[PDB]
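The structure's right below; bear with me while I get my questions together.
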Amino acid sequence: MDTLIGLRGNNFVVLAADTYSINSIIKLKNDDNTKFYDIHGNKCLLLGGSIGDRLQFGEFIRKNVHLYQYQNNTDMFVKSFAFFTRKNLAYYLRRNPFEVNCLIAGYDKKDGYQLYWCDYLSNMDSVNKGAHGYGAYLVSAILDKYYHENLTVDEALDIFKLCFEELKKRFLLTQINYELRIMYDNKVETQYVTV
Amino acid sequence: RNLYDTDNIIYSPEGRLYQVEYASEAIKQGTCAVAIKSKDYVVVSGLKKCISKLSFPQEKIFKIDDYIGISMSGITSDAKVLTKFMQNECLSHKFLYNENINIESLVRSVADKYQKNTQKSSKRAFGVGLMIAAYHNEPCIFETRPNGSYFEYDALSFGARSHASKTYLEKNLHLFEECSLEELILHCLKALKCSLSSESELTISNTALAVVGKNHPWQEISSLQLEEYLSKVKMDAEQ
Amino acid sequence: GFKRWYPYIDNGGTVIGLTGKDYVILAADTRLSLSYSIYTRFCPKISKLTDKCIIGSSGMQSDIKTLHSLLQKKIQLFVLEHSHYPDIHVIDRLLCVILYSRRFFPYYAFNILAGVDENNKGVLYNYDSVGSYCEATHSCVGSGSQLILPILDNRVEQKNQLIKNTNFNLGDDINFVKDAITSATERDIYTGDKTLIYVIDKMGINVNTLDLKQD
Amino acid sequence: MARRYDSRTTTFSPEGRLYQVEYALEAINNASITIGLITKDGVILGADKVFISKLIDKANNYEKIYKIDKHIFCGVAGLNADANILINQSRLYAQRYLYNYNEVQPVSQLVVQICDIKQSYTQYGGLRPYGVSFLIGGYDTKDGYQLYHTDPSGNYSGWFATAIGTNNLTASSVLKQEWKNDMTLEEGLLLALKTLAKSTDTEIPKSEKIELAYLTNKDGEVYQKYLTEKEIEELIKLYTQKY
Amino acid sequence: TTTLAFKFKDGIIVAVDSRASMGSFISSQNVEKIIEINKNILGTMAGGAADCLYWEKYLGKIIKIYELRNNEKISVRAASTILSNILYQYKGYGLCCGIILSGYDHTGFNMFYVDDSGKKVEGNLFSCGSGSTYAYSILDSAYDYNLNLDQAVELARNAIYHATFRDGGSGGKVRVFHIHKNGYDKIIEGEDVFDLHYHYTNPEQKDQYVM
Amino acid sequence: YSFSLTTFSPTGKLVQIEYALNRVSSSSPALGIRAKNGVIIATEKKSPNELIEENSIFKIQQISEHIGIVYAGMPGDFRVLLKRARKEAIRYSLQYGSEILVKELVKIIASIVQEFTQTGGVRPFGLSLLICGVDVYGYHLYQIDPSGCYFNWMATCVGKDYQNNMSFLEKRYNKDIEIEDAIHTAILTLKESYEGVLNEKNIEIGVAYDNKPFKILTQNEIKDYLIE
Amino acid sequence: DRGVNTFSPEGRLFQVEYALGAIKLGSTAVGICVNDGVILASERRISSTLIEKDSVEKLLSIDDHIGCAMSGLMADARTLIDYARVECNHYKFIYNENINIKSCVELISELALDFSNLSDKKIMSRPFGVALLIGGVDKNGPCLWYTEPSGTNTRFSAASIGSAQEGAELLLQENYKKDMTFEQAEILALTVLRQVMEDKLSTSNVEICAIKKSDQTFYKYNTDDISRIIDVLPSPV
Amino acid sequence: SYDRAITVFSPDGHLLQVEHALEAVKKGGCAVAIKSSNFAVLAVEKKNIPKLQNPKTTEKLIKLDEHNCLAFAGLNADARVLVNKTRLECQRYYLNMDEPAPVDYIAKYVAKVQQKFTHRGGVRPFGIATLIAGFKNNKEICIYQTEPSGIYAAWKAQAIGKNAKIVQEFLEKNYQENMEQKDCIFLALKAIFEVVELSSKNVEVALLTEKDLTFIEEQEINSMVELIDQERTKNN
Ligand SMILES: */C(=C\S(C)(=O)=O)[C@H](Cc1c[nH]c2ccccc12)NC(=O)[C@H](CC(C)C)NC(=O)[C@H](Cc1c[nH]c2ccccc12)NC(=O)CN1CCOCC1
């Protein structure tokens with residue numbers, strides 16, 4: 001299972017994922033890069049599930065959003081992007097479902113920093129903190145406890161370090177390699193963390 | 001008439017279909033093909049069209065099945081479409097029933113294909129006339145026309161300046177039934193020559209010749225045998 | 001309260017193939033059976049595709065018949081269109097396309113395509129009902145394949161023999177095929193009656209017949 | 001031969017022009033005048049009402065200005081039936097965008113969609129074009145207040161102040177010489193009345209022949225007001241005092 | 001089946017076994033699991049032999065037409081994307097394909113693992129088949145990017161041998177090819193693993209080896 | 001193949017719609033009047049011969065409760081459009097549980113009429129419709145032209161001499177008239193238009209008033225009204 | 001006035017006749033087939049100095065063993081060549097062998113006459129107005145075929161297309177021999193092109209391609225080969 | 001549906017519909033595109049009614065994807081429809097190949113679409129000519145020109161639209177290989193004003209680099225126009 005974590009503050013959004021590409025009982029790669037889908041205009045789709053469905057849905061959404069932005073010479077709003085993603089997932093749910101969980105993060109002037117939680121059933125809602133996978137059970141309470149308003153990026157990264165330590169110590173799958181996407185100060189940064 | 005030849009679904013005040021008539025007119029512009037039959041064999045000869053000095057002569061007779069072949073006069077694309085149709089019909093009958101198709105039914109289906117194109121204004125008649133030589137319990141020659149009609153002949157000839165060939169065939173018709181294979185081939189070559197212009201000559205390059213018979217599957221006559229036959233024709237004409 | 005109908009049956013059969021320097025052999029048993037009954041004692045399993053190519057299949061008789069007829073129709077259409085007879089490699093690719101066209105409801109037929117190519121070399125292709133593999137020396141499909149293939153491996157490859165034999169000829173290979181089919185008839189209930197042996201070589205295709213046990 | 005009856009509407013002419021589109025433009029230019037302008041407080045759309053009879057129900061009856069959405073409205077010049085078809089389509093398009101994206105469609109995007117319908121009609125098939133031209137005004141948070149003009153060919157262009165229909169040259173001259181970048185809603189309404197009077201060749205406008213509407217964005221909401229006869233009469237009294 | 005590929009300082013090493021089976025019966029010992037898609041791309045196939053062969057031929061046709069139209073060689077990434085999209089369109093039909101596409105293009109040497117479920121993983125070292133775990137262990141215990149060609153070929157041969165030894169579905173002959181900038185060479189056309197066992201594990205041949 | 005038979009002319013007109021309007025203006029006259037508490041539609045239905053059954057000809061029809069329709073033009077076109085209007089009304093009822101609104105029905109029928117001026121292989125409808133109705137928003141009288149444009153009328157006339165009839169009706173129409181006054185004025189207008197002497201057999205009347213079901217007056221009631 | 005399928009009183013299709021009129025223009029190309037291979041040469045009517053030479057090519061490759069010279073409408077020619085490429089690729093896929101040049105030519109003609117709608121489907125609305133010279137090497141050896149809008153395919157030992165087709169054909173007829181070698185074929189092709197060309201023959205106004213029986217691989221001559229043949233050419237007379 | 005053959009052969013062998021599409025193109029504005037070492041410069045004529053039209057709305061210089069840009073001359077609605085088709089095809093190529101669509105591929109697609117519209121029944125040709133500037137898979141800048149007939153060709157510097165011949169002659173006279181950005185912009189402005197009235201609001205210029213397409217600032221265009229005006233005054 002792929003553990004996804006998302007934290008939204010007044011000045012940032014941090015997304016985190018494990019970097020494992022899994023095929024049966026072996027890890028194909030310890031530095032997987034098929035979960036994050038960065039979208040022009042400060043948007044990010046973090047996907048979790050089977051690699052095939054992940055790739056198909058992520059690329060479909062990214063190309064559709066890029067087509068929209070090129071056709072309209074404008075940046076799609078984060079709320080529009082999130083609800084477009086949810087509408088597509090719901091449309092395919094009853095025909096040929098993608099078995100993917102989504103964390104949709106972004107920034108725009110109208111609504112600031114935004115984070116949306118969506119499950120494979122296409123149940124979506126905007127949240128301040130969210131998680132997906134079997135590691136959600138072990139990181140959700142840490143997020144709840146140590147989250148507060150007016151949190152800073154470094155305090156959020158400390159919370160994420162606590163989460164990664166918990167996933168290494170107590171989670172059945174000892175996950176040690178994580179990738180983070182940080183949106184703040186109208187710039188997107190990539191980090192790699194090993195515990 | 002200028003007012004009634006625009007489309008193929010309009011009858012003239014004389015009840016004529018000028019578009020279909022023009023499709024038939026396309027046939028008279030082709031090279032001459034002749035087909036005759038004895039009690040056992042059908043021989044089909046034809047004049048291959050050479051565009052220029054450096055061009056190869058064009059094909060005139062085609063094989064449809066083991067004991068079925070055709071010659072065409074008119075538009076080559078139409079001839080190709082009909083040839084593919086006939087070949088697929090014969091092959092599909094062999095596939096479904098493990099036996100040779102009935103030539104009469106094949107010709108009827110080809111004639112229906114002709115006709116179905118003359119009933120709509122979005123289509124046009126085939127500008128090609130077909131001569132079908134086959135052996136099915138006996139030799140048979142069929143002619144299919146652009147308007148959807150088909151007839152059965154004892155001897156047949158179409159193409160440009162083919163009336164000389166028709167005259168020769170009408171003169172020698174009584175002899176074909178009891179002829180041998182060599183005599184029949186010579187007669188077909190002589191009719192083709194009758195059509196041919198005096199300046200032109202029948203050579204192995206511009207003459208196509210095929211035979212289909214009792215135990216003789218449709219076969220083109222080899223170049224050497226054709227040369228022998230043409231030499232015989234020239235020699236006996238010299239007398 | 002009705003039971004579902006299964007669209008597949010096995011009608012038995014064994015087809016062996018064996019190549020040589022300038023020849024190929026395809027032998028097949030002619031029994032047709034349904035469960036523990038014999039439909040008929042003479043149902044040929046080998047069809048001639050070209051003067052240098054034949055195909056033998058084992059499995060469901062209706063599927064085999066339809067597939068052989070379809071291949072023959074395709075080859076005749078190819079001859080008419082492209083004005084030359086396809087060789088065994090073209091026929092192999094054609095059969096592969098035909099077989100994968102029904103990938104999700106496959107023909108219940110395992111087929112050996114035997115022939116001689118333009119170099120005058122024997123060629124065998126083994127088809128597992130969807131796909132093809134070129135066989136270097138020998139092949140076998142049908143109910144007796146598991147009995148026969150070890151024998152042909154022992155007699156041809158001789159991989160487990162320090163003192164080997166290399167003089168292989170048409171008569172010895174024919175005798176090997178007869179022995180293999182007889183041994184299969186000993187222990188396989190679906191192989192028996194008569195067997196047809198086709199030899200393709202420079203002189204063409206020749207068909208001989210051998211008698212097997214009728215029980 | 002059914003082709004003898006075909007007029008070949010979607011066919012080029014020797015000059016690289018479409019006769020059907022040119023004739024539709026002639027119909028539009030024969031239609032009555034529709035003006036539009038942008039103030040710092042909103043978009044004002046005005047139209048001249050063509051007189052039919054005094055038995056027409058003149059209350060709650062706007063026939064040249066329509067609402068496409070809460071933030072988009074349009075004025076029509078051309079064939080009313082074609083305009084109604086295109087207006088229903090535009091309303092469907094705006095609601096479809098809201099359904100797809102959970103946000104209101106931008107005015108430029110809506111204009112592009114309806115103009116694409118018109119262009120497709122001019123290019124594909126063998127049907128005649130739409131004899132209607134639009135002045136689509138609206139507001140959105142991306143480009144602010146917007147005013148677009150669309151013609152039968154599918155061409156469209158953005159404007160700060162424009163006029164379509166009969167005698168649009170006089171209205172365009174008036175707007176060119178009077179319009180200002182920063183105007184209040186009242187000033188814009190007075191200018192709209194002046195240009196309508198000039199196009200209609202009159203001094204004192206009559207409220208019985210004037211349609212006025214304005215779309216503003218106040219207190220975080222887009223509000224459209226279609227002035228009634230009494231409100232237009234108050235505006236006309238103000239205009240009379242001014243001039 | 002055991003197929004493996006890995007990048008090293010002089011290109012890519014591709015290796016496979018030659019065994020085919022239906023159930024517990026060995027159908028053949030001399031099948032070819034490495035195919036060339038074009039001059040600069042090799043695909044190693046595992047799983048359903050018919051599915052792999054048919055879809056590799058399909059990909060080759062698509063790549064040939066693309067190259068003819070655009071007068072340029074296709075990239076390994078683009079070929080992998082085409083194959084993965086095609087395979088994903090058939091998800092839920094029973095296709096069995098695991099393909100490693102390794103090749104040289106304008107962006108250096110590239111290696112992608114593609115599955116019948118629509119996966120496409122870029123990597124430096126892959127292994128597929130029923131012996132993939134054993135091959136993976138052997139490769140990981142002794143892999144290095146600075147191996148010479150001979151050392152890399154030896155490592156691939158050893159990994160295939162151990163996979164065949166431990167896995168009942170792998171065996172026959174071992175083939176090792178080398179992809180370099182100008183094409184590909186077949187270093188080991190096919191080598192019986194019978195000799196490999198008595199070279200590696202039981203050189204003395206004086207008693208039965210005890211695993 | 002389908003191409004538009006109605007096309008723009010060099011002056012920007014649709015002569016086919018003009019000619020449909022000519023047919024309507026040559027057809028028999030109909031009128032509608034909105035009263036203070038109701039709306040009436042009247043029409044002149046003459047008898048071409050003594051053998052026809054007047055009760056079989058239906059010019060004033062009921063689309064639904066509280067909605068009636070009359071036409072001037074071609075009866076076959078009218079019958080087609082009347083069937084379509086009834087189908088649309090019951091479609092709205094199936095969707096929304098209540099009766100269709102007059103404005104909504106008029107818009108739908110107007111769009112249907114418009115489609116026949118643009119689609120391929122067809123001619124425009126050769127009639128004008130007058131649709132009267134009552135709903136929660138009041139009393140409505142709408143006219144639909146062959147082009148597909150609709151007009152909201154206080155009182156109107158279509159058909160022959162519609163200009164003279166409109167002038168006559170305007171000279172004696174005010175918005176505060178009652179149903180009885182409206183019926184009297186309708187009969188007066190029809191009598192003025194008709195050459196000769198009118199009678200209850202030559203006219204038909206339908207009324208929708210006081211939130212009551214649409215009613216088609218009988219010969220006896222029309223005779224009572226004509227006595228004056 | 002007339003439909004695309006109308007027959008003329010002489011039995012001909014008006015649209016086909018008009019497409020035949022269309023194919024009469026364009027850059028002039030010649031093709032020569034000898035025992036050792038087939039060579040197609042063409043003139044390049046470079047529009048101006050700002051055009052990229054590589055972006056314009058009158059000699060294309062339909063397959064690894066088939067080359068084509070085109071004349072008439074260039075967009076229609078590119079459409080036809082793309083269709084031929086697709087069909088040759090599909091044939092190679094389904095038969096694992098190289099298509100015959102005759103079969104390729106037949107497919108091209110079938111597409112060319114598509115607008116007639118004689119068998120039901122049809123997508124083209126009019127003839128193509130394109131003339132082709134298709135050369136290649138198959139199991140029967142080198143061959144050269146000419147296709148025209150009317151759908152008729154001929155086989156030539158030497159042929160020409162373009163604006164100067166008549167003069168090129170006269171020169172080829174009076175200078176071509178059956179038993180010429182490849183060097184003589186190249187010399188003859190470039191001599192005809194030089195004679196019929198408006199501009200002085202150079203290494204930038206002419207392009208050549210060859211399919212030799214040995215390799216059976218389409219090969220585009222570059223400046224080195226073109227200049228070598230130019231030097232070998234005899235002085236104009 | 002409607003499938004009449006709108007584009008047919010004339011007795012002389014011409015496609016009159018295509019000729020009329022070319023006439024529509026000649027009735028359009030002027031667009032110039034000049035190539036350089038690793039960048040391109042595209043200038044286009046603007047036609048706005050002062051003080052009433054919104055200059056930003058009309059856009060003849062558009063971006064198809066992250067690396068391809070387009071200019072056109074002819075019918076604006078046809079251009080818009082074709083450009084939307086091309087953008088969709090750019091994203092479809094990206095989805096199908098995992099790489100951005102190169103300029104040569106996109107130009108070929110545009111030309112194929114225009115040919116198809118000349119060769120399909122029930123449709124009329126696009127009345128627009130296009131200049132497409134982009135990068136190839138080897139990161140090489142390239143400019144392509146496509147016409148209503150569907151014929152495309154790569155160029156070093158090309159002008160389309162009204163009075164395209166004069167601008168093309170000026171380009172052939174004044175073009176040099178591997179110019180700097182400012183010199184290339186000056187050349188494009190001079191070429192376009194060879195036929196367009198000299199004014200900074202009569203032209204829109206963009207510079208395409210691997211990074212992005214950047215529109216030149218109004219002050220820079222004003223300075224360059226003043227320099228051109230000074231040169232013209234001196235010459236006269
Ligand atoms: C690897 C093994 S594995 C366990 O990792 O899947 C091999 C890979 C392989 C084998 N052959 C080739 C050829 C080309 C490329 C790759 C190849 N896979 C297999 O061997 C398959 C394993 C099963 C579990 C999927 N086996 C097969 O596909 C069978 C091949 C075959 C059958 N008869 C033959 C005769 C001669 C040569 C080969 C074969 N075929 C099947 O089992 C499929 N059908 C299913 C229906 O019943 C008939 C067999």
Side-chain angles (χ1 to χ4, degrees), chain A residues 36-45 47 55-92 98 102 104 106 108, chain D residues 93-94 96-103 105-117 119-120 140 142-143, chain E residues 78 81 85, chain H residues 59 61-70 72 77-103 105-110 112-113 130 132-135 208 212-213:
Chain A
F36 283 96
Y37 295 84
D38 280 289
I39 300 159
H40 309 325
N42 306 108
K43 295 177 285 291
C44 201
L45 184 64
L47 294 184
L55 285 157
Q56 297 292 311
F57 186 70
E59 292 301 351
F60 167 79
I61 292 286
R62 171 147 70 184
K63 300 312 169 249
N64 260 116
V65 172
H66 285 176
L67 180 57
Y68 171 99
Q69 295 183 137
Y70 287 129
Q71 266 169 347
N72 304 118
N73 198 26
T74 190
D75 257 1
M76 202 198 267
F77 292 133
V78 185
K79 181 168 151 190
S80 319
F81 165 54
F83 278 94
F84 177 79
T85 310
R86 190 220 76 90
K87 166 131 326 254
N88 280 268
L89 203 55
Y91 180 90
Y92 284 97
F98 299 96
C102 329
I104 293 134
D108 69 334
Chain D
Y93 279 143
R96 188 85 202 163
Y97 184 103
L98 175 53
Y99 171 87
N100 277 326
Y101 295 97
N102 216 34
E103 304 248 23
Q105 191 168 37
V107 194
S108 44
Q109 301 197 23
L110 177 83
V111 172
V112 160
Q113 290 195 279
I114 205 64
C115 291
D116 280 4
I117 285 299
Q119 194 281 338
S120 81
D140 71 81
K142 301 189 172 182
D143 293 299
Chain E
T81 318
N85 289 356
Chain H
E59 221 182 6
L61 212 169
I62 63 100
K63 204 170 176 49
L64 304 158
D65 62 49
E66 41 251 81
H67 299 128
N68 307 309
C69 78
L70 189 141
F72 64 84
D78 291 26
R80 180 177 71 244
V81 165
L82 197 55
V83 160
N84 280 357
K85 279 207 245 275
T86 306
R87 290 168 165 154
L88 182 122
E89 185 51 46
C90 283
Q91 285 327 294
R92 196 198 263 111
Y93 182 103
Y94 209 152
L95 195 56
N96 277 307
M97 302 269 294
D98 211 359
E99 297 153 7
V103 62
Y105 177 92
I106 271 292
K108 277 165 183 55
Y109 171 77
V110 170
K112 176 177 60 46
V113 168
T130 60
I132 305 169
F135 298 89
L208 174 82
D212 54 20
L213 176 82

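The figures that follow rest on heavy atoms only: side chains count, while hydrogens, waters and symmetry mates do not. Quick note on labels: first sequence line is chain A, next is B, and so on, each numbered from 1.
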Is a donor on one side and an acceptor on the other found under 3.5 Å between the side chain of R62(A) and the backbone of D38(A)?
-> yes

For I132(H), does its backbone N or O pair with a side-chain atom of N68(H) as donor and acceptor, under 3.5 Å?
-> no

If you measure from CG on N84(H) to CG on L67(A), what distance do you get to the nearest 0.5 Å?
-> 8.0 Å

Candidate pair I106(H) and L64(H), rule side chain to side chain contact (heavy atoms under 4.5 Å, CB included), full reasoning | CA-CA 9 Å; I106(H) 271 292; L64(H) 304 158; 4.1 Å; yes

Does the side chain to side chain contact (heavy atoms under 4.5 Å, CB included) test come out yes or no for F84(A) and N64(A), once each step is laid out?
-> CA-CA 10 Å; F84(A) 177 79; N64(A) 260 116; 4.0 Å; yes

Test of ring centre spacing under 6.0 Å for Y37(A) and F57(A) | no

Can you check whether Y101(D) and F83(A) have ring centres sitting under 6.0 Å from each other?
-> no

Less than 4.5 Å apart, any side-chain heavy atom of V110(H) and any of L82(H)?
-> yes

Between the side chains of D78(H) and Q119(D), does any donor sit under 3.5 Å from an acceptor?
-> yes

Are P102(H) and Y93(H) close enough that some pair of their side-chain heavy atoms sits under 4.5 Å apart?
-> yes

Rounded to the nearest 0.5 Å, the CG atom of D75(A) sits from the CZ atom of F81(A) at a distance of 11.5 Å

Side chains of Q71(A) and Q109(D): is there a donor and an acceptor less than 3.5 Å apart?
-> no

Test item: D65(H) side-chain N/O and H67(H) main-chain N/O as donor-acceptor pair under 3.5 Å | yes

Can you find a pair of side-chain heavy atoms, one from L61(H) and one from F72(H), that are under 4.5 Å apart?
-> no

Donor-acceptor pair, side chain of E99(H) and main chain of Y94(H), under 3.5 angstrom = no

Straight-line distance of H40(A) NE2 to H66(A) NE2, nearest 0.5 Å = 3.5 Å

Distance col, row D98(H):CG vs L95(H):CG, nearest 0.5 angstrom, shows 9.0 Å

Taking it one step at a time, do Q113(D) and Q105(D) satisfy side chain to side chain contact (heavy atoms under 4.5 Å, CB included)?
-> CA-CA 11 Å; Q113(D) 290 195 279; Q105(D) 191 168 37; 2.6 Å; yes

How long is the gap from CG on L213(H) to SG on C69(H), to the nearest 0.5 Å?
-> 5.0 Å

Any chance you could lay out the side chain to side chain contact (heavy atoms under 4.5 Å, CB included) test for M97(H) and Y105(H), step after step, and finish with the verdict?
-> CA-CA 12 Å; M97(H) 302 269 294; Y105(H) 177 92; over 6 Å; no

Within 45° cone and under 6.0 Å: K87(A) NZ/CZ vs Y92(A) ring = no

List for me each residue that meets side chain to side chain donor-acceptor pair (under 3.5 Å) alongside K63(A), sequence neighbours excluded, and say none if there are none.
-> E59(A)

Check: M76(A) main-chain N/O paired with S80(A) side-chain donor or acceptor under 3.5 Å = no

4.5 Å side-chain heavy-atom contact, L89(A) and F98(A) | yes

Taking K43(A) as the fixed residue, which of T85(A), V65(A), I61(A) is the one that meets the side-chain contact (heavy atoms from CB on, under 4.5 Å) rule?
-> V65(A)

Have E66(H) and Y70(A) got a donor and an acceptor in their side chains that come within less than 3.5 Å?
-> yes

From CG (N100(D)) to OH (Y91(A)), nearest 0.5 Å = 11.5 Å

Nearest heavy-atom approach of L45(A) to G58(A) is CD2-CA, 4.4 Å

Partner of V113(H) under side-chain contact (heavy atoms from CB on, under 4.5 Å), picked from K85(H), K108(H), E89(H), is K85(H)

Side chains of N85(E) and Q56(A): donor-acceptor distance under 3.5 Å anywhere?
-> yes

Non-neighbouring partners of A82(A) that pass side chain to side chain contact (heavy atoms under 4.5 Å, CB included), sequence neighbours left out = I104(A), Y116(A), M124(A)

Does any non-hydrogen side-chain atom of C44(A) lie less than 4.5 Å from one of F36(A)?
-> yes

Counting distance only, does the side-chain N/O of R87(H) pair as donor-acceptor with the main-chain N or O of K63(H) below 3.5 Å?
-> yes

